[PDB]
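In case you want the letters, here they are:
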Amino acid sequence: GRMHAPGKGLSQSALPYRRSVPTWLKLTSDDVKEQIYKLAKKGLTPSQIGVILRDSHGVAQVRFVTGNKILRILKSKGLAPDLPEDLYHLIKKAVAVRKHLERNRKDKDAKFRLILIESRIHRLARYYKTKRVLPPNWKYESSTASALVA
Amino acid sequence: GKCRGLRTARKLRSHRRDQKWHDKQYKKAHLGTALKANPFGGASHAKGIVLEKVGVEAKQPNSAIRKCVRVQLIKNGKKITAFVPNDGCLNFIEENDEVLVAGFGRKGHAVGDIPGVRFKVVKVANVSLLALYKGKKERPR
Amino acid sequence: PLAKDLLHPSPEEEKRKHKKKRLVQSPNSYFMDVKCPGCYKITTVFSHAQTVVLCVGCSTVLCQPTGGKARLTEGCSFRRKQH
Amino acid sequence: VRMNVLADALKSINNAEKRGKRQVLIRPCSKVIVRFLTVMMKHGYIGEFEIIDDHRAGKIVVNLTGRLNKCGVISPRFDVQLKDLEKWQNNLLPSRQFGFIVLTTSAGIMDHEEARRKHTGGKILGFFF
RNA sequence: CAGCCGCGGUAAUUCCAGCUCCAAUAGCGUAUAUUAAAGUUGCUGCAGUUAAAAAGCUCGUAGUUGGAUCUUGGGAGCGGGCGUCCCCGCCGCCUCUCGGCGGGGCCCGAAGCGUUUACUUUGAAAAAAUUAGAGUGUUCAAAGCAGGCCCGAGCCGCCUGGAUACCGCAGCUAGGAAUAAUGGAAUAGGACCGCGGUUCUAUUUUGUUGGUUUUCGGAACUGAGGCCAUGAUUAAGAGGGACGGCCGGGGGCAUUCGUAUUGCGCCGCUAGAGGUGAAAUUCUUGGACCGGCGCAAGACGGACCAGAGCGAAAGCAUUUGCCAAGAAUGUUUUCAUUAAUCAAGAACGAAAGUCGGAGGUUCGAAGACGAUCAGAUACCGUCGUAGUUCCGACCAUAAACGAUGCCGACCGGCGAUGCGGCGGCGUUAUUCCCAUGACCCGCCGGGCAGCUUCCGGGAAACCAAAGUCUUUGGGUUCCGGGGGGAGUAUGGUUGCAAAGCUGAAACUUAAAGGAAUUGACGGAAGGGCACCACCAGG
RNA sequence: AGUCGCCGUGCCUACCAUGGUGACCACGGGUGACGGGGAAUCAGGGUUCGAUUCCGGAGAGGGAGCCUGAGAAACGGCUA
Ligand SMILES: [Mg+2]
Ligand SMILES: [Mg+2]
Ligand SMILES: [Mg+2]
Ligand SMILES: [Mg+2]
Ligand SMILES: [Mg+2]
Ligand SMILES: [Mg+2]
Ligand SMILES: [Mg+2]
Ligand SMILES: [Mg+2]
Ligand SMILES: [Mg+2]
Ligand SMILES: [Mg+2]
Ligand SMILES: [Mg+2]
Ligand SMILES: [Mg+2]
Ligand SMILES: [Mg+2]
Ligand SMILES: [Mg+2]
Ligand SMILES: [Mg+2]
Ligand SMILES: [Mg+2]
Ligand SMILES: [Mg+2]
Ligand SMILES: [Mg+2]
Ligand SMILES: [Mg+2]
Ligand SMILES: [Mg+2]
Ligand SMILES: [Mg+2]
Ligand SMILES: [Mg+2]
Ligand SMILES: [Mg+2]
Ligand SMILES: [Mg+2]
Ligand SMILES: [Mg+2]
Ligand SMILES: [Mg+2]
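Asker: Looking at this structure, I do not really get helix α1 (residues 5-19) of chain D. What am I missing?
Answerer: Every α-helical turn comprises 3.6 residues, leaving residues that sit three or four positions apart pointing alike. Residue and element names in this part refer to chain D. If you check α1, its first and last C-alpha atoms are 22 Å apart, about what 15 residues at 1.5 Å a residue would give, namely 21 Å. Restricting attention to buried positions, one finds in α1 the residues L6, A9, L10, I13, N14, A16 and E17. Where the residues of α1 are buried, they touch β1 (23-26), α2 (31-43) and β4 (71-73). Positive backbone phi, at 135°, marks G20, one or two positions downstream of α1.

Below you can see the structure in the form of structure tokens.
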């Protein structure tokens, strides 16, 4: 596997077969959506939201206690960010490397790694653009988009 | 490996086309180079005129003289060498005798122990040299 | 080797396999309940927690993460009795 | 990648049975296999099979009684036209007695004999003997 | 003479002739195209470690190929050897908004006629002659469509025939719905005499009349409501991203350290020192080589260094600090098929080499000398230019080799090693008992390799992949077709030049080649042997 | 929008617009190229030929233009 690399790892998770709720948790979904909303004000991704609940409150899967996903929940309220998480971080990482590269213009591994990254991006947007999340004319320009990130 | 899809036909049909030219016989035939360079215009036999009579030497392990002739054609004008198969038969040929020649049997390739001959004489003066040998006829003096 | 049963493997045998490569998948983690002697609360935590939990009083810390399972503060007892 | 779910299983049936095993496990556990296995079992070439369920592709187990020589697959799924059976079946099979080419068709999954007794053709999947 | 191998050099099974025999037979040889043989152009159906052959590595558009999943039974009318396995209608849905077999029936063309196809089965419609083929004793046959009967011959006539099939692909018509693709309700929508209402309003009624709303239909538009179990398939031992602790001669910039070498200064004692198979060229009382204390400059990073690690490959080794990336593991986090391979095109690419600056210890193509030699414009020795070093741009080749494309599954064991995670007797640890390695003992993942075997293959050598291949089909890319001419000539293209990429033909030739075997040979190695060998001697 | 044409059409003329084809191979060039029904070989799949008695097309020394006629740019009709 590893679309742009030679590895063949299999490190990943394994949900159980019992989808039920384990009856020691005495916490209700209405209270869950509240805590989600709080954690969404302070600017946290869906994944950061899920790990916290699992670590410190006793929630494995929102989809079982609730019936919906985290992203659908926010978008019912109107708090989902403009861009998606995946595309966001790739754009962040690129901007750092190029900045690093503006000075140390004799590092070819970085160039090579850069071209890999941008290739990963143009694929991903072709999904979101077909799937009708991004407009038909959104594009990554590589001279802007330092400003989208931060 | 091999392509092997259900809608791959253009590729395969193409691949066989450009890759067939790497066969010697097909390439020879379907290009005009061997054809326009053959003294016979895609033909079996041909008449022509004698202008010399020479003797060609043979290959190493044999040793002999094979009694050939320099011959000019009527239609094309080109020049060639030709062989006279039988014992004592060169004497049956005079100068400027209007002979008929043919191939030998290998389709452009040289045969045997003769260095560079691929034509044999058949008829001199229209009286079928083989018959003349056997004494079934004589020449038209 | 020429004859076995795969439907009914030994429990010790299916236990010593990778999560997926078992006959059926199975998770390898648990939740547990902590005591915090300086308190009288019982907060519950995941094994491979990859976070730092502060107490209810914001007085103390319980788990510092690691590449695998977490740790405890060497004075804090856990009850691995869930379900 | 595993662009085909049926190709791999029959290979992993064939190899094991070619060795001398008594049971095997084949993973992805899809619908079309189940029909394919049912019709083999029905004619008698194998025993029973138990199909494990999970909330995924699933899994499955078979019992062999290895009186089988080869199990085969033909891909791409060609299109038969009911006059070409003879030309397919003479140059895939060992004889005119036994061996079955299995094909999907509008009526279902069946062997070639039943297709001719119902007078319909379809698309080809594989073969066994 | 001889298509090929080959025959003829005074006893020719092969030439010139005679007897004899062989094959086809009113026909038989010869030349040239063209089919089969050719599984030597390979869809069915080749090959690619060493025989000819996988681009140096990576990305990437068109192309080709793509995971799992949504009505199954049990029955019913039946026919064979309560029943049981194989046979035949059904448990295609209604459509009445309508057609016509003031209101009641039971059915059809329409209205979905089938969300849209592909698929398969049927039917239509295909110019004849030709082909397969039915009938007919043309004197048989090839052909051809004719022919046969009772009978004084009367019967002024009778029977007859002039079949059938195939006709790829597109196009037409009707049935079946597995397989493959697509569509539908997510900033809500289907249905309800639905209910209000703002409009046009065609003839139904106002008998015929003059005009309006009028109940009428169907238009655009706007308002409030009850109803649906009210609407989102799961989350791949497919993938992307997040998070945590680590890992490593991975990459760039600056920085400190080391012995050695070469030169220079000063001190000390003394005639040789170098280098060779042996010599000389050369350095040498104007003090060499040796020893001693200092200084300078530029290169290189020993032993530790391993069938150990990292990187796409090229390739990577002193200390420290900084900068930005990454694999594997762990995960009851997240998105939900987003993917594999890839013409065109794009990045990187040892050494040599080219261009412009700085620098120049050591080594050293050219070049000059001294030796060996029949000769040496070489092997040896002494000197010594370009270059070897750094900064910035060109070129794009190698035995760039695992001489072995990438992805994915399956297929036998054993003991180790390196990273991460999980555990357990015990020893140390340290400073009083814990979490760090270290070992001790196992496990699990994905790695560089290794030993063993009738797994199985293969021309063999050999190989857990070069296997699962005449029992031939997992997906896809590039490339080969007797040997030379030849990676040549020419045309186009890049480049400062050198060169690179694409890439012929005439002609020539019957063998070139691969793996293994028996000899012979060897200025290759290990044991022995001889006065037609030696040593010592006559 | 019109002219010519037995009729539809950039077939032609004027005024406007700037479009049409292409790696699913246009464009250009070669053909010992008239096309098809068919012929040879043929396990199954294919390879090659088809000027040649049937259907359709083109031409009458090379080029162009016409009269008559229902019908011809005729050629055993005319004019250069
Ligand atoms: Mg890829
Ligand atoms: Mg041939
Ligand atoms: Mg054949
Ligand atoms: Mg071959
Ligand atoms: Mg050949
Ligand atoms: Mg075959
Ligand atoms: Mg080779
Ligand atoms: Mg599928
Ligand atoms: Mg390329
Ligand atoms: Mg270099
Ligand atoms: Mg250089
Ligand atoms: Mg320079
Ligand atoms: Mg020197
Ligand atoms: Mg090369
Ligand atoms: Mg190579
Ligand atoms: Mg091989
Ligand atoms: Mg094959
Ligand atoms: Mg060749
Ligand atoms: Mg070789
Ligand atoms: Mg012609
Ligand atoms: Mg013709
Ligand atoms: Mg004419
Ligand atoms: Mg003439
Ligand atoms: Mg004329
Ligand atoms: Mg005429
Ligand atoms: Mg005439």
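Structure's up, so let's keep going.
Asker: Looking at this structure, I do not really get the environment of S14(B). What am I missing?
Answerer: Mapped onto the secondary structure, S14(B) falls in helix α1 (residues 9-20). A C-alpha to C-alpha distance of 43 Å links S14(B) and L73(B), two positions 59 residues apart in sequence.

Asker: Mind showing me how you'd approach the protein's contact with RNA strand E here?
Answerer: The local shell around RNA strand E holds 134 residues, among which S47(A), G1(B), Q19(B), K69(C) and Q81(D) are the closest. By atom count, sugar and phosphate contribute 73% of the portion of RNA strand E lying within 4 Å of the protein. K8(A) has a polar side-chain atom sitting 3.2 Å from a phosphate oxygen of RNA strand E. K70(D) is positioned with one of its side-chain polar atoms (N or O) 3.0 Å from a phosphate oxygen of RNA strand E. Broken down by element, the surface near RNA strand E gets its largest block of residues, ten residues, from helix α6 (residues 108-130) of chain A. Classifying every residue of the surface near RNA strand E gives 31 nonpolar, 47 polar and 56 charged.

Asker: Where do I start with the domain arrangement of chain A in this structure?
Answerer: When its domains are assigned, chain A resolves into domain 1 (26-80) and domain 2 (81-150). Inter-centroid distance (C-alpha atoms) of domain 1 of chain A to domain 2 of chain A is 28 Å.

Asker: Help me understand a positive patch on the surface, please; the structure alone is not making it clear to me.
Answerer: On the surface, a cluster of positive charge is contributed by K2(B), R4(B), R10(B), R13(B), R16(B), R17(B) and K20(B). Note on placement: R4(B) falls in the segment before α1.

Asker: Looking at this structure, how should I read the interface of chain A and chain C?
Answerer: Reports often express the size of an interface as the amount of accessible area lost when the parts come together. If you look at the interface, chain A gives 15 residues, while chain C gives 18 residues. The contact between chain A and chain C buries some 1400 Å² in all, and 54% of this surface belongs to carbon and sulfur atoms. Contact with chain C buries surface across chain A, with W24(A), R54(A) and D55(A) losing the most and accounting together for 37% of the total. For the pair chain A and chain C, the number of links is zero salt bridges. Linking chain A with chain C are five residue pairs in polar contact. Residues that form the side of chain A that touches chain C fall into these classes: seven nonpolar, five polar and three charged.

Asker: Help me understand the packing of aromatic side chains in this model?
Answerer: Note on aromatic pairs: each is described by the distance of the centres and the angle between the planes. Applying the stated criterion across every chain, the model contains nine aromatic pairs over all chains. Here the aromatic rings of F31(C) and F46(C) are separated by 5.9 Å at their centres, their planes lie at 70°, and the arrangement is edge-to-face. One end of the pair, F31(C), is in strand β1 (residues 31-34); the other, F46(C), is in strand β2 (residues 44-46), and 15 residues separate them in sequence. For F31(C), a relative accessible area of 17% corresponds to the buried category. Here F46(C) falls in the buried class, since its relative accessible area comes to 14%. Seen from their ring centres, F78(D) and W88(D) are 5.6 Å apart, and the 45° between their planes marks the pair as tilted. With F78(D) in the loop between β4 and α3 (85-90) and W88(D) in helix α3, this residue pair connects regions lying ten residues apart in the sequence.

Asker: I keep staring at the arrangement of the chains and nothing clicks. Help me out?
Answerer: Pairwise contact counts over the four pairs of chains in contact peak for chains A and C. There is a clear gap between chain A and chain B: no contact, and 21 Å between their nearest C-alpha atoms. Separating chain B from chain C is a minimum C-alpha gap of 32 Å, and the two share no contact.

Asker: Could you clarify how one ought to interpret the protein's contact with RNA strand F in this entry?
Answerer: In the region of RNA strand F, the neighbouring residues are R10(B), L35(B) and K87(D). When the atoms of RNA strand F within 4 Å of the protein are sorted by group, sugar and phosphate make up 64%. Side-chain polar atom of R10(B) to a sugar or linking oxygen of RNA strand F: 3.4 Å apart, as the coordinates give it. The separation between a phosphate oxygen of RNA strand F and a polar side-chain atom of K87(D) is 2.6 Å.

Asker: Would you mind going over the pattern of salt bridges with me for this structure?
Answerer: When the charged atoms of two side chains with opposite charge come close together, those side chains can pair. Residue and element names in this part refer to chain B. On inspection of all chains with the given rule, the structure shows eight salt bridges over all chains. Here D97 and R139 are joined by a salt bridge, their closest N and O atoms 3.7 Å apart. Taken together, the positions of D97 in the loop between β3 (79-83) and β4 (99-102) and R139 in the segment after α4 (129-134) put the pair 42 residues apart, joining distant regions of the chain. When its relative accessible area of 10% is taken as the criterion, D97 is described as buried.

Asker: Where do I start with the sheet that holds β4(D) in this structure?
Answerer: Residue and element names in this part refer to chain D. The sheet built from four strands is open, its strands ordered β4-β7-β5-β6 with antiparallel pairing. Two strands in the sheet have a free side with no partner beyond their single neighbour: β4 and β6 (108-111). Neighbouring strand axes in the sheet, compared pairwise and without regard to direction, differ in orientation by 25° on average.

Cut-off values and rules
Residues numbered from 1 in each chain as written, not as in the entry; some residues may be left out. Chains lettered and ligands numbered in written order. Part of a larger assembly, values for the part shown. Heavy atoms only, no water. Helix = DSSP H or I, 4+ residues; strand = E, 2+ residues; numbered from the N terminus. Expected span 1.5 Å × (residues − 1). Buried < 20%, exposed > 50% of the residue type's maximum accessible area, 1.4 Å probe, protein only. Contact = heavy atoms within 4.5 Å. Near = heavy atom within 4 Å. Polar contact = N/O pair within 3.5 Å; in protein donor to acceptor, adjacent residues only side chain to side chain. Nonpolar A, V, L, I, M, F, W, Y, C, P; charged D, E, K, R; others polar. Domains from an automatic or database assignment. Patch = residues over 30% accessible without salt bridge, like charges linked within 9 Å, V, L, I, M, F, W, Y side chains within 5 Å. Areas by Shrake-Rupley, 256 points an atom, 1.4 Å probe, with all protein chains shown as cover. Salt bridge = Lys/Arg side-chain N within 4 Å of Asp/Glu carboxyl O. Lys, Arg positive; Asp, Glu negative; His and termini not counted. Charge placed at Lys NZ, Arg CZ, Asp CG, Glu CD. Buried area = accessible area lost by both parts, 1.4 Å probe. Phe/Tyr/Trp six-rings, centres within 6.5 Å; stacked < 30°, edge-to-face > 60°. Pairing = 2+ DSSP bridges. Axes fitted to C-alpha atoms, helices over the stretch in contact; angles between N-to-C directions.

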